[PDB]
Amino acid sequence: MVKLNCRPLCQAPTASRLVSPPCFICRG
Amino acid sequence: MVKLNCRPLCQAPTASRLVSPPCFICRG
Amino acid sequence: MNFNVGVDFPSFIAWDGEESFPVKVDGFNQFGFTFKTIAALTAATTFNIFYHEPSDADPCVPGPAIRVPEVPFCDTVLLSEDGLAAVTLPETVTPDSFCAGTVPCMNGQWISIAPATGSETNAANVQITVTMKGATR
Amino acid sequence: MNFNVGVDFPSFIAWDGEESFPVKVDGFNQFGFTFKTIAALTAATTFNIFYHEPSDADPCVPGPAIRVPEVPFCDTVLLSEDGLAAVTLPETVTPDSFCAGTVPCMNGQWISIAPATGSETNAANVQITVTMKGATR
Amino acid sequence: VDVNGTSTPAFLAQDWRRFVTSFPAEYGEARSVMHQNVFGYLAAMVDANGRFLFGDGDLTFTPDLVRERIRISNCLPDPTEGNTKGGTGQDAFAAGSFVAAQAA
Amino acid sequence: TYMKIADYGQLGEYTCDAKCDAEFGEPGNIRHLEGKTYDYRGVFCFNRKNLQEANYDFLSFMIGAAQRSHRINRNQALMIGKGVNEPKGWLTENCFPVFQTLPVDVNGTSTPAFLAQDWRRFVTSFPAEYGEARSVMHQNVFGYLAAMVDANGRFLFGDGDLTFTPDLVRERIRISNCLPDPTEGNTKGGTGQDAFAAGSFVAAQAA
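Looking at the method and resolution fields of the entry, one finds cryo-EM and 4.5 Å.

Participant: It is not clear to me how the overall build of chain C should be interpreted in this structure. Could you clarify?
Facilitator: Looking only at helices and strands, one finds zero helices and nine strands in chain C. Beginning at the N terminus, the succession of helices and strands in chain C can be written as β-β-β-β-β-β-β-β-β. Put simply, chain C has 137 residues, and 48% of those count as buried. Taken as a whole, chain C presents about 6500 Å² of accessible surface, with 61% of it coming from carbon and sulfur. Taking the 5 positively charged and 15 negatively charged side chains of chain C as two groups, their mean positions are separated by 9 Å.

Participant: Would you take a moment to explain the relation of the copies chain C and chain D for this structure?
Facilitator: What relates the two chain copies is a rotation about an axis together with a slide along it. Superposition record for chain C on chain D: RMSD 0.7 Å, screw rotation 180 degrees, translation along axis 0.0 Å. Taken together, the turn and the small shift mark the pair as related by a two-fold rotation axis. Both copies contact each other with a shared surface, as 86% of the interface residues of chain C are interface residues in chain D too.

Participant: Please clarify how the state of the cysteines should be interpreted in this entry.
Facilitator: When the sulfur atoms of two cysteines share a covalent bond, that bond is a disulfide. Following the criterion strictly, the structure yields three disulfides over all chains and no others. A sulfur-sulfur distance of 2.0 Å marks the disulfide that ties A:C26 to B:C23. As far as burial versus exposure is concerned, A:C26 and B:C23 are alike and both buried. Here B:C6 connects covalently by a disulfide to C:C99, the sulfurs 2.0 Å from one another.

Participant: How should I be thinking about a negative patch on the surface in this particular structure?
Facilitator: Taken together, C:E18, C:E19, D:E18 and D:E19 make up a surface patch of like negative charges. Relative to the elements of secondary structure, C:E18 occurs in the loop between β1 (12-16) and β2 (23-24). Judged by relative accessible area, which is 52%, C:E18 ranks as exposed.

Participant: I'm lost on the interface of chain E and chain F in this one. Help?
Facilitator: The extent of an interface is frequently quoted as the accessible surface area lost upon association of the parts. Of the residues lining the interface, 23 residues belong to chain E; the matching set on chain F comes to 22 residues. Inspection of the chain E/chain F interface yields two salt bridges. The residue E:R51 makes a salt bridge to F:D150 at a minimum N-O spacing of 2.8 Å. The interface formed by chain E and chain F contains eight residue pairs in polar contact. Partitioning the side of chain E that touches chain F into residue classes produces eight nonpolar, 13 polar and two charged.

Participant: What exactly am I supposed to notice about the sheet that holds strand β1 (residues 11-15) of chain D here?
Facilitator: Strand pairing within a sheet occurs via backbone hydrogen bonds; the two strands may be parallel or antiparallel. Residue and element names in this part refer to chain D. Strand order in the open sheet made by the four strands is β1-β9-β3-β7, with antiparallel pairing throughout. The open sheet has two edge strands, β1 and β7 (99-101), and neither has a second partner. Strand after strand, the sheet turns through a mean of 30 degrees between neighbouring axes, direction not considered. Both β1 and strand β9 (residues 126-131) contribute to a ladder of four bridges, which runs antiparallel. Across the sheet, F12 pairs through a bridge with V130, a residue of β9.

Participant: What should I look at first to understand the interface of chain C and chain D in this one?
Facilitator: Each partner contributes residues to the interface: chain C has 36 residues there, and chain D has 37 residues. Here chain C packs against chain D, burying approximately 3100 Å² in sum over the two surfaces, 63% of which is carbon and sulfur. The largest contributions to the chain C side of the interface with chain D come from C:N2, C:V5 and C:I13, which together make up 20% of the buried area. The tally of links between chain C and chain D comes to 12 residue pairs in polar contact. Sorting the residues of the side of chain C that touches chain D by element identifies β1, β3 (33-37), β7 (97-101) and β9 (126-130) of chain C as the ones contributing at least two each. Considered class by class, the residues forming the side of chain C that touches chain D number 20 nonpolar, 13 polar and three charged.

Participant: What is the right way to read the side chain of F:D118 from this model?
Facilitator: Structurally, F:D118 can be placed in helix α3 (residues 116-123). Once residues within four sequence positions are removed from consideration, F:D118 is found in contact with A:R27, B:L18, F:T101 and F:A113.

Participant: Before we go on, may I ask you to explain the nonpolar core in this structure?
Facilitator: Generally speaking, nonpolar side chains in soluble globular proteins are found buried as a group. Formed by 26 residues in total, the largest nonpolar core has its most connected members in D:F31, D:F33, D:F47, D:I111, D:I113, D:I128 and D:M132. Looking at this core, the elements that each hand over two or more residues are β1, β3 (33-37), β4 (45-54), β8 (110-115) and β9 of chain D. The residues contacting D:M132, other than those within four sequence positions of it, are D:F9, D:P10, D:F12, D:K24, D:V25, D:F28, D:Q30 and D:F31. Grouped together as the second largest cluster of nonpolar side chains are 25 residues, C:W15, C:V25, C:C99 and C:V103 included.

Participant: What am I meant to see in the arrangement of the chains here?
Facilitator: Contacts are most numerous between chains C and D, considering all 11 pairs of chains that are in contact. Regarding chain A and chain D, the two do not touch, and the least distance separating their C-alpha atoms is 25 Å. Chain D shows no contact with chain E. Their nearest C-alpha atoms sit 24 Å apart.

Participant: Honestly, unusual backbone geometry in this entry has me stumped. Any pointers?
Facilitator: Negative phi values dominate among residues other than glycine, just as trans dominates among peptide bonds. Residues and elements named next belong to chain C. If you check the backbone angles, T136 has positive phi at about 65 degrees while not being a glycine. Along the polypeptide, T136 turns up in the segment after β9. For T136, a relative accessible area of 56% corresponds to the exposed category.

Participant: Please clarify how the sheet that holds strand β5 (residues 173-175) of chain F should be interpreted in this entry.
Facilitator: Residue and element names in this part refer to chain F. Across the sheet, three strands lie side by side as β5-β4-β6; this open sheet has mixed pairing. At either margin of the open sheet sits one strand with a lone partner, and together these are β5 and β6 (203-206). Between one strand and the next, the sheet's axes are offset by a mean angle of 25 degrees, whatever the strand orientation. By the bridge criterion, three bridges tie strand β4 (residues 134-137) to β5 in an arrangement that is parallel. Bridge assignment links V136 to a residue of β5, and that residue is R174.

Rules and cut-offs
- Residues numbered from 1 in each chain as written, not as in the entry; some residues may be left out.
- Chains lettered and ligands numbered in written order.
- Part of a larger assembly, values for the part shown.
- Heavy atoms only, no water.
- Helix = DSSP H or I, 4+ residues; strand = E, 2+ residues; numbered from the N terminus.
- Buried < 20%, exposed > 50% of the residue type's maximum accessible area, 1.4 Å probe, protein only.
- Areas by Shrake-Rupley, 256 points an atom, 1.4 Å probe, with all protein chains shown as cover.
- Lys, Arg positive; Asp, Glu negative; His and termini not counted.
- Charge placed at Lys NZ, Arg CZ, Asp CG, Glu CD.
- Least-squares fit on C-alpha atoms.
- Contact = heavy atoms within 4.5 Å.
- Disulfide = S-S within 2.5 Å.
- Patch = residues over 30% accessible without salt bridge, like charges linked within 9 Å, V, L, I, M, F, W, Y side chains within 5 Å.
- Salt bridge = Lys/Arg side-chain N within 4 Å of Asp/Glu carboxyl O.
- Polar contact = N/O pair within 3.5 Å; in protein donor to acceptor, adjacent residues only side chain to side chain.
- Nonpolar A, V, L, I, M, F, W, Y, C, P; charged D, E, K, R; others polar.
- Pairing = 2+ DSSP bridges.
- Axes fitted to C-alpha atoms, helices over the stretch in contact; angles between N-to-C directions.
- Buried area = accessible area lost by both parts, 1.4 Å probe.
- Core = buried A, V, L, I, M, F, W, Y, C linked by side-chain atoms within 4.5 Å.

In structure tokens form, the structure reads like this:
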């Protein structure tokens, strides 16, 4: 049974799109 | 004299809204 | 890991909707009840516990249907007008909740439950069975 | 002096001879079946075992009826096709003589029994109940 | 209080501090009793900007309830009907509810 | 097996003086209980000729690979494990009382959010007669509380030191990286297309 070991070549173009909580005041 | 003893089988899932004070609004 | 819990504590049907059943408690030495409904109720619901004797024709066949007198414990405040045992399923019992009960003084050879008169409509919605405790043989 | 045995191993009906009934076995860790015939049978009757899953809509109602996978053990040498829990009450089983069994590996949330194809007519004269065992709930 | 033309009853921290200091000092010192859900309501009060009114930036507000002269009891009428289930803008704070007592 | 005292009754109800009797109250419950333990097993295969004439030790790596896999799977099961042949976890059985936060408006719409009101209201809403109680939450969730701003722009916690760092253990917090961390990776706490995916587990608190 052929075992396919696999690997990328494009190191890490992640671009996680980090977000922080914006200005949230109340719920009224 | 029979002593009836009763338990529930399944507990219903609960959900409570954690309401909080609204933002300060002037009176006037 | 579950043991074969049918070789002791064996249960039998007692009231399957619209039919009573004599369940032999001769060998076994202890027994109770387990009430479970299948739907919502309308009003209160009572039941009449009975007992029977081995017929003379065959000592292993049900005979007549005789009631069981309710023996009172201490701290009793009310006794049925005739002094005969009776179980009452209280109103507002949701059909996902089992109720347990038993008679405190066995007499006869087997037990049978039947709905008290005038309360046979809700009797359909109830489902009653009987388990055992001992063997003695 | 008969202890109240409703609590501490209650019981419920699984096959009243007319229709199946799912019996919750979640809050309990052990369980077993206690068969009982009501009349004289004709041919060997087999029963299929099914386990259920909590409905995505409401976790207190049954979902579909999945089939319990049969599991062998040390000296099992006659496994059926692909494995499915199917008990077979043999012939020459008179009334007032109960047989009992169970499934070794529990799975799902509750179990339901139904007569296998070819044994439904005979199954109309048998009763099946279950007696759970103890657990924390 | 009036929100979007709809008059709704509420309980502002200004009212509490106005209620406590309104005691007839001649009577002496007086403690205050209230349910735990009330003190949880005041501590989580916010101004128009976003900062808390009590304990500015410490994630929790717990002073000693002896110098503050407040004693909690978990079976008082609990103005929040249900455990922390009342106090938002609309559909909240049924009127005529007991909040807190204070006496010598 | 063990017992669990369900509830007491009530006996001493006030009554009149001029009467030589009493009233029998109702008794309580005992509710004897039980419980089991589950097993954890498995197998693998090696090759005599391959493992022998190999570059280095492969066996001891597998033992280390087995002890850790058991270690992480047990904890993962101990939290969310489904009842069947697995310890019932406290996440999925839905026996704990669970709260939920109501959403906030933005540009006329309404998106689910997690304000600083909640975490201060949540931890201070716990019966003070149960004793102290630690809380548990994922690291990314704590990074959401730290970088919170008011309307003007100042920080809400630790105004002006670039880092909050509040000495967690002092205030009943214990960070763990097994929790579902509602912020997907470290980006789900937004306002527009990054809605908070209402229904995720933020944090738990218990004795």
